[PDB]
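Note that these values count all heavy atoms, side chains included, but never hydrogens, waters or copies made by symmetry. Sequential numbering from 1 along the given sequence is applied to the chain's residues. Just so you know, ligand 1 is whichever comes first in the structure, and atom 1 is the first atom listed for that ligand.
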Amino acid sequence: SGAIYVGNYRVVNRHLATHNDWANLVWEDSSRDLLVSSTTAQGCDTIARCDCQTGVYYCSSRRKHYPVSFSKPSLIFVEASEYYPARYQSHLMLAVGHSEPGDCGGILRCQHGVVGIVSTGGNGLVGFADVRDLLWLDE
Ligand SMILES: COc1ccc(S(C)(=O)=O)cc1NC(=O)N1CCC[C@H](C(N)=O)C1
Ligand SMILES: [Zn+2]
């Protein structure tokens with residue numbers, strides 16, 4: 001679990017969005033596993049606007065932060081789950097690191113701010129949904 005809070009927006013994994021997120025929907029994209037909902041309270045997370053390929057992510061299944069080197073956002077094949085059929089997920093960045101399904105939502109950050117959130121994983125792999133291209137999150 002986990003979300004990004006910026007301006008009057010809440011960014012979460014689409015597969016973990018609540019009834020309240022859908023009732024206050026701003027934008028969603030199944031191909032990216034992202035959903036954005038509106039908030040009444042102001043948020044203070046900063047979104048990175050950069051091309052960093054290194055950062056630190058929060059891993060809730062270990063209660064720890066780990067440094068990672070990750071690939072540039074791309075279309076990556078993701079096996080079927082209870083949430084989606086087998087498909088290419090877009091804007092996904094992979095790295096070597098520990099992740100379990102419940103780790104989705106953990107923030108990936110570089111020195112410029114929030115890069116994305118955990119969205120996929122594998123055996124010794126962790127995948128992050130990029131949010132740096134969503135320029136409208138800042139206006
Ligand atoms: C952090 O997630 C995992 C971590 C580890 C593994 S495993 C035990 O196969 O190594 C599997 C996963 N599960 C995972 O990638 N997804 C399930 C939830 C929806 C995700 C999506 N964006 O399509 C896909
Ligand atoms: Zn950066």
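Protein non-hydrogen atoms do not reach within 4.0 Å of atom 8 (C) of ligand 1.
Note: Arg132 CZ to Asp130 CG = 4.5 Å, rounded to the nearest 0.5 Å. In this structure, the separation between CD1 on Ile107 and OH on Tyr5 is 9.0 Å, given to the nearest 0.5 Å.
At the shortest separation from atom 11 (C) of ligand 1 among protein heavy atoms lies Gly121 O, 3.8 Å. The shortest contact between atom 17 (C) of ligand 1 and any protein heavy atom is with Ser81 CB, 4.1 Å. The protein heavy atom nearest to atom 13 (N) of ligand 1 is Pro101 CG, 4.1 Å.
By the criterion of a heavy-atom distance under 4.0 Å, neither the backbone nor the side chain of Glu79 is placed next to ligand 1. Looking at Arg87 against ligand 1, only its side chain comes within 4.0 Å, counting heavy atoms.
Looking at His112, its N, O or S atom nearest to the Zn ion (ligand 2) turns out to be ND1.
Residue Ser119 places at least one N or O, backbone or side chain, under 3.5 Å from an N or O of ligand 1. By the 3.5 Å distance cut-off applied to N or O atoms, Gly122 is counted among the residues near ligand 1. At a 3.5 angstrom cut-off on N or O pairs, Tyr84 does not count as close to ligand 1.
Within the listing of ligand 1, atoms 21 (C), 22 (N), 23 (O) sit less than 4.0 angstrom from a heavy atom of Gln89. Counting the atoms of ligand 1 from 1 in the order shown, those under 4.0 Å from a heavy atom of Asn123 are 10 (O). Against a heavy-atom cut-off of under 4.0 Å, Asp33 is close to the following atoms of ligand 1: 22 (N). Those atoms of ligand 1 with a heavy atom of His15 less than 4.0 angstrom away are 18 (C), 19 (C).
Using modelled atom types, one side-chain atom of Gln53 and one backbone atom of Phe70 make a donor-acceptor pair closer than 3.5 Å.
No side-chain donor-acceptor contact under 3.5 Å links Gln89 and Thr120.
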Full working for side-chain contact (heavy atoms from CB on, under 4.5 Å) between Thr18 and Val12: CA-CA 9 Å; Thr18 68; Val12 292; over 6 Å; no
For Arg10 and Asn20: C-alpha separation, side-chain torsions, deciding distance, then whether side-chain contact (heavy atoms from CB on, under 4.5 Å) applies. CA-CA 11 Å; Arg10 160 171 146 101; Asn20 275 324; over 6 Å; no
Yes or no on side-chain contact (heavy atoms from CB on, under 4.5 Å) for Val126 and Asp103, after CA distance, side-chain angles and deciding distance? CA-CA 9 Å; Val126 56; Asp103 284 322; over 6 Å; no
Stepwise salt bridge (charged side-chain N to carboxylate O under 4.0 Å, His left out) check, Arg87 with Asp33: CA-CA 11 Å; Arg87 79 213 210 278; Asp33 185 40; 5.2 Å; no
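Relative orientation of the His15 and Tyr83 rings is tilted, given thresholds of 30° and 60° on the angle between their planes. Classified by interplanar angle (parallel below 30°, tilted 30° to 60°, perpendicular above 60°), the ring pair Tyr57/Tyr66 is tilted.
Take the Zn ion (ligand 2) as the corner point: the lines to SG of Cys110 and to SG of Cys52 open at 120°, to the nearest 10 degrees.
Residue contact check for ligand 1: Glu82 places no non-hydrogen atom closer than 4.0 Å to it. The shortest heavy-atom distance from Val78 to ligand 1 is under 4.0 Å.
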